[PDB]
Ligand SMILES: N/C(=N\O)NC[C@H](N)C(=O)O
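The chain below stands alone and is given as structure tokens, in the form deposited without the ligand.
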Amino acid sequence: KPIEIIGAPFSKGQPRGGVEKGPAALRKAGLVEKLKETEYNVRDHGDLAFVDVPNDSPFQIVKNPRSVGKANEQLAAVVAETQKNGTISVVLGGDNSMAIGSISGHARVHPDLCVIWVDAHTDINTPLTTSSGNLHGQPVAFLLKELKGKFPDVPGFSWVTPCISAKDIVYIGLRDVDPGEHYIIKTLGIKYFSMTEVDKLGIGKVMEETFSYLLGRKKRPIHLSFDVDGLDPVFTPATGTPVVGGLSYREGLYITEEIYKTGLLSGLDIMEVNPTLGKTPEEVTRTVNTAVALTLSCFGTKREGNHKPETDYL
């Protein structure tokens, strides 16, 4: 199956900028080139051009509503289009807000998808529960069917229609959840593996169960949304909300490695890589590089080594 890289240089989902430079940093680290060398066809769609909506008045507490909604609508169109053509979409964020566009668009072509959310956060706050109107913490609230009508309509999101139910999303790496968000995941009965579960079961058992839970009765498309802050700050320091005690570089690669095994990866999001937040040039280099590794792992690169079939090396 061919791959379609799509850049989403957007940051209105959070206060300070920097995230819009994410895709540039990743491309500059030779993401696309390195991708080409695998058993997958690669096409770089380029970066979407986002327009700043004038006089974007804060909807109550929610900030930059119309811009984020506009951007997400434009993305969902592009995503759905490539998906329609039978390609796997790889979105380079950008902040978590863009996960609305990515998942939606993906759903229009594959309504039976499942989402595996690797993040240190749940990002399931609604316009009513947000302690800050920052939309990077609400993407999942806009997608859940069970949350339809549980919060007022936000200017710019009229086009969005809840495309997934609680029984279709699995969180991995949770370690910074708000009281409201915890009430939500508990009440709705969502399957999650926070750091304590990973500690208790080991990354192996976690993946073993997320799969039997999601791909139990019927094998369906997997949409992996990967927030770089799911790994410990010692690995991915250049992000907006780093939290200590995260997943290790090894754990991060084991996850993507098992995702490739299933052969059901349909959509991938590499979000939150903010190049201006790195304390030193090395910190940024470390962050960008680890993101690249995670992506390559998703598409065949294994740590035991690779090699072309039918070719004799001896």
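Position 1 is the first residue in the sequence shown; the rest follow in order.
Select between 176-184 and 233-241 the stretch whose C-alpha atoms have the higher average B-factor in the entry. Higher mean C-alpha B-factor: 176-184.
Out of 118-126 and 208-216, which stretch has the higher average CA B-factor listed in the record? Comparing 118-126 with 208-216, the higher mean C-alpha B-factor belongs to 208-216.
Residue of maximum C-alpha B factor among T256, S248, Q60, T287, per deposited coordinates: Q60 has the highest C-alpha B-factor of those listed.
Have a look at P9, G18, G13, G300 and flag the one whose Cα has the highest B-factor in the entry. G18 has the highest C-alpha B-factor of those listed.
Third of the chain's Cα B-factor distribution that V51 belongs to, per the entry: For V51, the deposited C-alpha B-factor lands in the highest third.
When the modelled residues of the chain are sorted by Cα temperature factor, does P281 land in the lowest, middle or highest third? It falls in the top third of the chain.
If you rank the chain by CA B-factor, which third does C163 end up in: lowest, middle or highest? Ranked within chain, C163 CA B lands in the highest tercile.
Rank-wise, by C-alpha B-factor, drop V273 into the lowest, middle or highest third of its chain. According to the entry, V273 has a C-alpha B-factor in the chain's middle third.
Taking only the Cα B-factors deposited for this chain, tell me whether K150 sits in the lowest, middle or highest third. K150: CA B-factor falls in the highest third of its chain.
Unshown form deposited with the ligand bound; subsequent notes refer to it.
Is there a heavy atom of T196 no more than 4.5 Å from a heavy atom of the ligand in the entry with it bound? It does not: once the ligand is placed as it appears in the entry with it bound, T196 has no heavy atom within 4.5 Å of it.
Heavy atom of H106 within 4.5 Å of the ligand in the entry with it bound: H106: no contact with the ligand in the entry with it bound.
Even though the ligand is not shown here, does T87 get within 4.5 Å of it in the entry with it bound, heavy atoms only? No, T87 is distant from the partner.
Taking the ligand as it sits in the entry with it bound, is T241 in contact with it (heavy atom to heavy atom, 4.5 Å or less)? Yes, contact at 4.5 Å.
Heavy atom within 4.5 Å of the ligand in the entry with it bound: which of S165, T187, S132, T161 fits that? Just give me the one. Of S165, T187, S132, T161, the residue with a heavy atom within 4.5 Å of the ligand in the entry with it bound is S132.
Which pick from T210, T82, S225, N125 sits with a heavy atom within 4.5 Å of the ligand in the entry with it bound? Residue within 4.5 Å of the partner: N125.
Triplet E4, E37 and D44 all within 4.5 Å of the ligand in the entry with it bound via a heavy atom: Heavy-atom distance to the ligand in the entry with it bound: none of the three under 4.5 Å.
At 4.5 Å between heavy atoms, only one of the stretches 201-209, 147-155, 116-124, 215-223 reaches the ligand in the entry with it bound; which one is it? Within 4.5 Å of the partner lies stretch 116-124.
At a 4.5 angstroms cut-off on non-hydrogen atoms, which residues of 167-202 are near the ligand in the entry with it bound? List them in order. Heavy-atom contacts within 4.5 Å come from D178, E181.
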